[PDB]
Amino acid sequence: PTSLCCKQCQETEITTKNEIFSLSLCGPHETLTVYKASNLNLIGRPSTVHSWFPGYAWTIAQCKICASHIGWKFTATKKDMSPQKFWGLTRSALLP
């Protein structure tokens, strides 16, 4: 009911509406950023190439059940950043 599940298989809860926060600046969208996620397997090592959140690297994250590409784990390159990690999830890969 606050639950966001992999659209492809509908088995797994990936995150909840409670975990949602915003990195985007409110002064002078398609990607959902959450503090915490579940049931995702990480593929490969982190990379900073073309990172959508400067200062973070990304690791591909797919549903552990059906292997659908739901988003990425973003990890901080520097110790002084917060949060040190979060998830960027493709909204259309989630239900609702």
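Here, rigid core means the biggest group of C-alpha atoms that superpose within 1.5 Å across both forms. Residues carry their position along the shown sequence, with the first being 1.
K.L.:
Name the stretch that deviates more in 6 other deposited structures of this protein: 16 to 24, or 71 to 79? Use RMS CA distance to the shown form, core superposed.
P.N.:
Between 16 to 24 and 71 to 79, greater C-alpha deviation in 6 other deposited structures of this protein belongs to 16 to 24.
K.L.:
Across the other PDB entries of this protein that model residues on both sides of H50, is it left without coordinates in at least a third of them?
P.N.:
Negative; every one of those entries includes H50.
K.L.:
If we scan the other compared entries, does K64 go without coordinates in at least a third?
P.N.:
No, none of the compared structures omit it.
K.L.:
Can you tell me how many deposited residues have no coordinates between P28 and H29? The categories are none, 1 to 3, 4 to 9, and 10 or more.
P.N.:
In the record, 10 or more residues between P28 and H29 lack coordinates.
K.L.:
Per the PDB record, is the mean Cα temperature factor higher over 69 to 77 or over 19 to 27?
P.N.:
Mean CA B-factor is higher for 19 to 27.
K.L.:
Sort the modelled residues of this chain by their C-alpha B factor and say whether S82 lands in the lowest, middle or highest third.
P.N.:
Tercile = middle for this residue's CA B-factor.
K.L.:
Relative to the other modelled residues in the chain, which third contains the C-alpha temperature factor of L95: lowest, middle or highest?
P.N.:
Highest third.
K.L.:
Can you work out whether the C-alpha temperature factor of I43 puts it in the lowest, middle or highest third of the chain?
P.N.:
For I43, the deposited C-alpha B-factor lands in the highest third.
K.L.:
Which third of the chain does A57 land in by C-alpha B-factor: lowest, middle or highest?
P.N.:
For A57, whose C-alpha B-factor we compare with every modelled residue in the chain, the answer is the lowest third.
K.L.:
By the record's CA B-factor, is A37 among the lowest, middle or highest third of residues in the chain?
P.N.:
It falls in the bottom third of the chain.
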